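Single-structure report; data block below.
Please note: Cβ atoms are built from the backbone with ideal geometry, for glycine as well, and neighbour counts cover all protein chains shown. Each answer follows from the model by the rule given with it, or from the source it names; no laboratory read-out is quoted.
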Amino acid sequence: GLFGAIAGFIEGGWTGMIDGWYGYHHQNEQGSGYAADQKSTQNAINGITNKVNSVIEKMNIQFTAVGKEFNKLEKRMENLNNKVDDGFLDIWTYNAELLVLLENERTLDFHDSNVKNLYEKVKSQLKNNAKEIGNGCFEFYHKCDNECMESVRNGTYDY
Amino acid sequence: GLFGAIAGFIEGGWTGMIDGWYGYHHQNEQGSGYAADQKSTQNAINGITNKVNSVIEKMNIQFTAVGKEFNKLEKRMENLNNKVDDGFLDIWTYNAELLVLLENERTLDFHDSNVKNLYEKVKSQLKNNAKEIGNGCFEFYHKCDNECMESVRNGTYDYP
Amino acid sequence: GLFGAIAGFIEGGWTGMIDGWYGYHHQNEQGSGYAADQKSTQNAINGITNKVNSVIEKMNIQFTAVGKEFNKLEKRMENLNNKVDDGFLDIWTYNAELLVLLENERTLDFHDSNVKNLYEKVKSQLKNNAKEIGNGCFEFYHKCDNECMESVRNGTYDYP
Amino acid sequence: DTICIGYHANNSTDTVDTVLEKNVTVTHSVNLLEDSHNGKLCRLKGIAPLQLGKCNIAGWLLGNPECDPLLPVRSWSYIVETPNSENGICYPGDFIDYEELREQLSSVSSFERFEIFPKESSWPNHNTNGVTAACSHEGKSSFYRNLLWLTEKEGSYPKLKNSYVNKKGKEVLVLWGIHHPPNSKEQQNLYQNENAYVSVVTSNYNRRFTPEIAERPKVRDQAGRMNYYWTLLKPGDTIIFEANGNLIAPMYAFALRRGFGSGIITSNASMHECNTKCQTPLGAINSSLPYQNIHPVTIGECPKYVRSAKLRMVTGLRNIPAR
Amino acid sequence: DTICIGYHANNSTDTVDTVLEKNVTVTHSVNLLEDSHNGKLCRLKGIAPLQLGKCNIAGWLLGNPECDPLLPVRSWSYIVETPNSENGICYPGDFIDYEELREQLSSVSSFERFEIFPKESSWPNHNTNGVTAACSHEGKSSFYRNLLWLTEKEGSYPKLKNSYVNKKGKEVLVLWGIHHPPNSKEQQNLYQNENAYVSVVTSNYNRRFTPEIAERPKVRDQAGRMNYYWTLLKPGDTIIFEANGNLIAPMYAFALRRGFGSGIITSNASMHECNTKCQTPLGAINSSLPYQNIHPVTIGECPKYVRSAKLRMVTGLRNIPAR
Amino acid sequence: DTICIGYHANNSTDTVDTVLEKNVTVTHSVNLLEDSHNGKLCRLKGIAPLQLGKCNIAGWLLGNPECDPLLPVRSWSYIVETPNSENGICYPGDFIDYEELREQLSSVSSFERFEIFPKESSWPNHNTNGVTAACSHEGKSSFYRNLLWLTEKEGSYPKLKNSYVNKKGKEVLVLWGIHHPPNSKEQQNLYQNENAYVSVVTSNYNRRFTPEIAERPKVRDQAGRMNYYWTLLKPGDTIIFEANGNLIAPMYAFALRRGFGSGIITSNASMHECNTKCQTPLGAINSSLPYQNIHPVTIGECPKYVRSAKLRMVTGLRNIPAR
Ligand SMILES: CC(=O)N[C@@H]1[C@@H](O)[C@H](O)[C@@H](CO)O[C@H]1O
Ligand SMILES: CC(=O)N[C@@H]1[C@@H](O)[C@H](O)[C@@H](CO)O[C@H]1O
Ligand SMILES: CC(=O)N[C@@H]1[C@@H](O)[C@H](O)[C@@H](CO)O[C@H]1O
Ligand SMILES: CC(=O)N[C@@H]1[C@@H](O)[C@H](O)[C@@H](CO)O[C@H]1O
């Protein structure tokens, strides 16, 4: 990835998490589990929903377009009409494929970035109260519970 | 933002800084005050100036273009001319709008990246002489008057 | 650069390294030298090679295209044909130049990113068995032979 | 105690292409390319198409006896021709500005077929029962339903002059023909005058027709030829027909009503009682996707045609089940 | 002692759209879409346009009496027709290849209107005072200023043959007409010769015209018709007119000079003493912006027309005053 | 002990442009714009083009004596005309639908020139030695190789009628002419009948021609004129010629074979024994790049033409020797 998180210092994903695209794991004390970070997932959802809607919106509806007939003495006109239809078709086919290719790359980097920023956000919150270990995981020192785990999720961790 | 600085760990902008896009804010015993980092601000300006100019340059000037008339027995030709004009217009409108949307996103990520890299540059200087407050600031372990603050602005400092 | 490494905290390139785009230097006791990271380098090659082939693939071949004659009473038709040809030429010229400009930028940032991640990747390994000096460089503490300098290249080191 | 930061994963097999890599499996994605359609020709916003079937526009407008089933149709949403639409003109000849007439009918939403020159009363001094095996029906010689073959009556073809004032409040499509005998003898017994002519005029149309006699290869067993012409008579205007021979006079004309979105397509698909907002020669499309690779010819409101086989945008992320 | 790294912010309310988020407030931005014009028609680089006013190209070149004010204009930067440009041909008829003539005039930067066939001395054996109420002027029957109506003199219309050699060193546009009476009586007392004809030839042009006599709906109170024709006479070439009736002879012709960047536009805007490099039918544009959404029709060097309502590029950063 | 992370650098001076910066020196890159050609006209996949040279399509198909070297050519990959292709029609006149004939020849891969009407046996009762200084050869008056000038034989011009049945199994291009004397005396001396006509008909073609006699400026030292016509005779159909004067009859016709990828180009480059898949008027191209700025006219499989002077895609990274 462009930001090094996904398929990076965080080797794989969690089929266990099903609430959003990004989230936390947490465990020990009262038990384990998964929890999606709504803040990040929603922002990401709004952004990507906008991207897709923009792509769609930019392509106005194609109104009636049909063939035309030319008599035997209008070959040049027939070929001109042909040059026009094929020319526009080439351009739109090119445009559509390139836009999708280019934006798909951008979307993936966007997610990579989101995971990365989320990781760094929790890190600057925990500081010395925990140690970076299992790539994406922080092992607490003061040992926190569940209400405390939530303060880490909603970003209010009282250092 | 993609790089997490703007509207990120550096939560807001300074309406108090008016010398550039990126800068510092010192708060020592001698006083406070803002100061734009010319190095970064200028590079950002050159890049964005070249970007805007490129967009403009690629759209060479439109020379005389007008309608044409067709007699009542040239309906197919009139429609061909119409298909041609609408077709090119659809493409250029799409092109112009898409290019602006895509590049505006890129410009914002650009600035974000500039603030991020600037922060990391200073962080690597104040490595072991101050502590990261967390939101773009650094508290020096010792004094830093004003002449010391400048050593930080011009990328020198040197005192690990 | 967008990611701060190339022409950033790692000032320049190594004309000495010729095995790949990204690599390590290493100046251990058994001697020194250069070594390129096959992993990242090869990975970058596959991406860029795919990019170039995509750009080329999308621009399928131009088949026979030639001028046309019009008699003296077909000026409108001749001008229509002219509008069509110039319009398609304007668009393709625009498309080609923009795509290349836009993707060249992306390519440079791609490399910047690869160097950046390779760096942080080694850093997260050494952790405390060395410090960060001239940026891009790490001064080992325990002193490791040309055998251990290798454990870093292949990413196994281990000794936080 | 531990807390890890991670990302979603699933069993999705969706794949997408990027600039740097092809076939990347992702958690969520959306397809933007429509590739599904009805067969089936449907009504367009409730209105049925005009199916010429074995007939083409010429056969329909002139009244080729093989196109009678089309005589009552007054309105349609689009016109459909088939690969077997071979019944056009039945008497050999040239249909002047035929492609332009087709283009005209393409923006016609409906019309009223009416007698512009009633067979009985319009031509008192001429015979009008002229028929031909070239336009046979039920195994018998017949003729166009909208035209009348005028010929000599009791050894004489008086100079005729008939006019019609357009009081329909719409453009009236008028069609007629000029017959060309293969030899002067035939020209004589059919129209009596050897140097005949036909004149047709309106406030904005002015044309004269002269018989061009010559032996010709047979077409549909006829050495003769019939050239067909048409004009659009503006509301309130008058059309005057004058001739002393060779005129295949108009009997029925059409009061046209203009509309938008119509067109002529060629399809071998069948008409069904379905409704759609987008119709192609292959079938109807019901979609909101921006693109389609079904067919470049479309009637209505449709996705833009592209030659692409696949256009999928990733929304989720790189799927890594970590299994 | 603290030092912080931050970014600029202000009170700008400029907004822009991005792929991921719409209406994003930024510190600095640049508009690339021109939406301003001065609702006036201006000179194009000092040269004034030709305003046909109530006349159209046809009325201008033929010499419609209602277009006399246009007679002296020799050069222009562009041609302007208005919604009320109704004065074209005043005697009813068909202007052959009219659209092509318009396209030819579109690359004409200036011309000299000269007498190709002086009224007094060109037609010694024919009358040249024929006029019509269809082309009246000052409530009195008149005729085109650039053409002459030739008719019988003293009971006879002698075969005429007159020619002109182009020594202007430029293409010369020649126009003429062919009159078509509604009946033989009129054909006879105007031209005497019942079966007349007109011939016009050059080294690269060759056409013959025959009167087509027939009763026609009256237009501008005339049952007659006049078809107008034109050709371009190359430098050094000769044009020959030969006729024994029905010829509406050329009196004035035009020696054309070609240029680039001109065209015909339709506008209801008024001419003012202003200068511009870019003119549209709505007004003149003075801008360096790449796009404009003002009008698709343009003359000169203009921004590219697009249907966009807004095209603003952001240069500054996301604006967060944080108040 | 120190270990550093760094990136490649070199001597390369390659530069590329990006959106933010211009002329970025990079380590590696690839050019995508083909700007090289071999300056020669080549065979296209082994087949040689047809070089009309000093002749143009008209001169070639009619058989202008100045184009005899072309008579034997039967196949070609593309047609080449030169800035000096001035030898077309030699007898002044108009070549009807000439541009369309050229378009027709653009998709012909080969044909067989054959005698449709053998000079002797086709016209027993007419003189066929008609010749003109306008079409001279070897400083001696001659005539088109593919046509025959028929004239009065012994003060008599019998009404002729000849037919040809197409049994070639391919389209047959038939060409002919109509001569137009400048005066009645000549018409009489050459064709006897004062009021002559020519009729040409097939199953889908039907045209009649009438001599139009008038004094005209001399072109190529002739006041007379010859108008040239053509038509495509479908496999199995029959073409009939009927006349009593003025016919410039067909002697040789062409059985056409259709192909794809051909076209007519104009070039001043020379033919060489080279082979290519892509030919431009300036020279052939041998390349796999997607674009070329050599020329917009192409034959075969070529790169896309663009007006760009440079299109280089960086592959390596920003080059910084750090010297
Ligand atoms: C000790 C040493 O030489 N390092 C290698 C290392 O380069 C390689 O990646 C790893 C797995 O094959 O095996 C180690 O032995
Ligand atoms: C003079 C004027 O137009 N007023 C604006 C003011 O509204 C704005 O708050 C300030 C800072 O952006 O800039 C001023 O120029
Ligand atoms: C005209 C010329 O010599 N070419 C250079 C060109 O290589 C460079 O891209 C451009 C931008 O600095 O400046 C031009 O002067
Ligand atoms: C790359 C190379 O070897 N050059 C040849 C070139 O000499 C030849 O004219 C052309 C025709 O096929 O093919 C190229 O591959």
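Among the residues of this structure, E:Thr238 does not count as one that is outside the structural domain of E:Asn64 (by CATH) and not hydrophobic (A, V, I, L, M, F, W, C). Please verify whether the stretch B:12-25 includes one or more residues that are surrounded by 17 or more Cβ atoms within 10 Å (Cβ to Cβ), more than 7 Å from chain E (Cβ to nearest Cβ), touching an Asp or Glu at 6+ places or on another chain (Cβ under 7 Å) and not in a loop (DSSP other than H, G, I, E, B). No, there is no match, as no residue in the stretch B:12-25 is surrounded by 17 or more Cβ atoms within 10 Å (Cβ to Cβ), more than 7 Å from chain E (Cβ to nearest Cβ), touching an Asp or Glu at 6+ places or on another chain (Cβ under 7 Å) and not in a loop (DSSP other than H, G, I, E, B).
Every residue, every condition in (1) in a strand (DSSP E or B); (2) in contact with a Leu (Cβ under 9 Å, 6 or more places away or on another chain); (3) crowded, with 23+ Cβ neighbours inside 10 Å, yes or no:
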{"position": "D:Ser163", "(1), (2), (3)": "yes, no, no"}
{"position": "D:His179", "(1), (2), (3)": "yes, yes, yes"}
{"position": "D:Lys185", "(1), (2), (3)": "no, no, no"}
{"position": "D:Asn189", "(1), (2), (3)": "no, no, no"}
{"position": "D:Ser199", "(1), (2), (3)": "yes, no, no"}
{"position": "D:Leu232", "(1), (2), (3)": "yes, yes, no"}
{"position": "D:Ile239", "(1), (2), (3)": "yes, yes, yes"}
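Quick check: is even one residue across the stretch F:2-10 more than 16 Å from ligand 3 (Cβ to nearest atom), of a type outside the set (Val, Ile, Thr) and farther than 30 Å from C:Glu11 by Cβ? No - not one qualifying residue is present in the stretch F:2-10. Among the residues examined, C:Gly155 does not qualify as crowded, with 19+ Cβ neighbours inside 10 Å, more than 16 Å from ligand 3 (Cβ to nearest atom) and at positive phi. If the condition is being more than 16 Å from ligand 3 (Cβ to nearest atom) and surrounded by fewer than 17 Cβ atoms within 10 Å (Cβ to Cβ), then the stretch F:277-319 contributes F:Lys277, F:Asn286, F:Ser288, F:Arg307. State all residues of the stretch A:26-67 that are over 30 Å from B:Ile91 (Cβ atoms) and part of a helix (DSSP H, G or I); if no residue qualifies, say none. Of everything in the stretch A:26-67, those that are over 30 Å from B:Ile91 (Cβ atoms) and part of a helix (DSSP H, G or I) turn out to be A:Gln38, A:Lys39, A:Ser40, A:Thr41, A:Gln42, A:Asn43, A:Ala44, A:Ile45. Based on this model, can you work out whether E:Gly59 counts as more than 17 Å from the chain's Cα centre (by Cα) and either away from ligand 4 (no atom under 16 Å from the Cβ) or not in a loop (DSSP other than H, G, I, E, B) (or both)? Considered against the rule, which asks whether it is more than 17 Å from the chain's Cα centre (by Cα) and either away from ligand 4 (no atom under 16 Å from the Cβ) or not in a loop (DSSP other than H, G, I, E, B) (or both), E:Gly59 comes out as no. Scanning the stretch C:137-149 for residues that are assigned to a helix (DSSP H, G or I) and more than 8 Å from ligand 1 (Cβ to nearest atom) turns up just one, C:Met149.
The set of residues in the stretch B:92-105 that are surrounded by fewer than 21 Cβ atoms within 10 Å (Cβ to Cβ) and more than 8 Å from chain E (Cβ to nearest Cβ) comprises B:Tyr94, B:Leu98, B:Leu99. So, in the stretch E:12-46, exactly how many residues are away from chain A (no Cβ under 14 Å), assigned to a loop (DSSP other than H, G, I, E, B) and either among the acidic types (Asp, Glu) or exposed (fewer than 15 other Cβ atoms within 10 Å of the Cβ) (or both)? Qualifying residue count for the region: 8. Hey, does the stretch D:234-256 have a residue that's of a type outside the set (A, V, I, L, M), in contact with a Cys (Cβ under 6 Å, 6 or more places away or on another chain) and farther than 24 Å from A:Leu89 by Cα? Within the stretch D:234-256, not a single residue is of a type outside the set (A, V, I, L, M), in contact with a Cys (Cβ under 6 Å, 6 or more places away or on another chain) and farther than 24 Å from A:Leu89 by Cα. If you check F:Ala243, F:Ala322 for being surrounded by fewer than 17 Cβ atoms within 10 Å (Cβ to Cβ) and aliphatic (A, V, I, L, M), only one passes: F:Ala322. When C:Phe140, C:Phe110, C:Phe88 are checked against the criterion of being facing chain F (nearest Cβ under 7 Å) and over 30 Å from E:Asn204 (Cα atoms), a single residue qualifies: C:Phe140. When D:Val80 is tested against (1) within 14 Å of chain A (Cβ to nearest Cβ); (2) not in a strand (DSSP E or B), only condition (2) is not met.
Test D:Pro118 against the criterion of being over 28 Å from D:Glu242 (Cβ atoms), surrounded by fewer than 19 Cβ atoms within 10 Å (Cβ to Cβ) and out of contact with any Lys or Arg (no Cβ under 9 Å at 6 or more places or on another chain), and give yes or no. It is false that D:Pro118 is over 28 Å from D:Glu242 (Cβ atoms), surrounded by fewer than 19 Cβ atoms within 10 Å (Cβ to Cβ) and out of contact with any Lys or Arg (no Cβ under 9 Å at 6 or more places or on another chain). Which members of the stretch E:95-115 meet the condition of being β-branched (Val, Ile, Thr) and assigned to a helix (DSSP H, G or I)? Within the stretch E:95-115, no residue meets the criteria. Condition (residue is touching a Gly at 6+ places or on another chain (Cβ under 9 Å), assigned to a helix (DSSP H, G or I), surrounded by fewer than 21 Cβ atoms within 10 Å (Cβ to Cβ) and among the charged types (D, E, K, R)) applied to the stretch B:123-133: is it met by at least one residue? There is no residue in the stretch B:123-133 that is touching a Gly at 6+ places or on another chain (Cβ under 9 Å), assigned to a helix (DSSP H, G or I), surrounded by fewer than 21 Cβ atoms within 10 Å (Cβ to Cβ) and among the charged types (D, E, K, R). Please work out if C:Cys137 is of a type in the set (A, V, I, L, M, F, W, C), over 20 Å from the mean Cα position of the chain (by Cα) and either within 16 Å of ligand 2 (Cβ to nearest atom) or under 27 Å from F:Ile320 (Cα atoms) (or both). Spelling it out, C:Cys137 is indeed of a type in the set (A, V, I, L, M, F, W, C), over 20 Å from the mean Cα position of the chain (by Cα) and either within 16 Å of ligand 2 (Cβ to nearest atom) or under 27 Å from F:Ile320 (Cα atoms) (or both).
The set of residues in the stretch A:83-108 that are under 28 Å from the mean Cα position of the chain (by Cα), more than 20 Å from C:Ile56 (Cβ to Cβ) and more than 7 Å from chain D (Cβ to nearest Cβ) contains only A:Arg106. Does the stretch A:76-83 contain any residue that is basic (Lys, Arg) and in a helix (DSSP H, G or I)? Yes, that holds for at least one residue.
A search for C-beta distances below 7 Å between a residue of the stretch F:56-69 that is surrounded by fewer than 22 Cβ atoms within 10 Å (Cβ to Cβ) and any residue that is assigned to a loop (DSSP other than H, G, I, E, B) and of a type in the set (A, V, I, L, M, F, W, C), counting only pairs 6+ apart in sequence or on different chains, returns F:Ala58/F:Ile89. Taken together, the criteria exclude C:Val152 from residues that are more than 16 Å from ligand 1 (Cβ to nearest atom) and facing chain F (nearest Cβ under 10 Å). Within the stretch A:5-36, being in contact with a strand residue (DSSP E or B) (Cβ under 7 Å, 6 or more places away or on another chain), within 23 Å of A:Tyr141 (Cα to Cα) and either more than 7 Å from chain D (Cβ to nearest Cβ) or buried (at least 18 other Cβ atoms within 10 Å of the Cβ) (or both) holds for A:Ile10, A:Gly23, A:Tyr24, A:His25, A:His26, A:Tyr34, A:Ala35. Of the residues in the stretch F:32-46, at least one is under 31 Å from the mean Cα position of the chain (by Cα) and within 16 Å of ligand 3 (Cβ to nearest atom).
Considered as a group, the residues in the stretch E:243-277 that are charged (D, E, K, R) and out of contact with any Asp or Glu (no Cβ under 6 Å at 6 or more places or on another chain) include one that is farthest from B:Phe70 (Cα to Cα), and that residue is E:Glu273.
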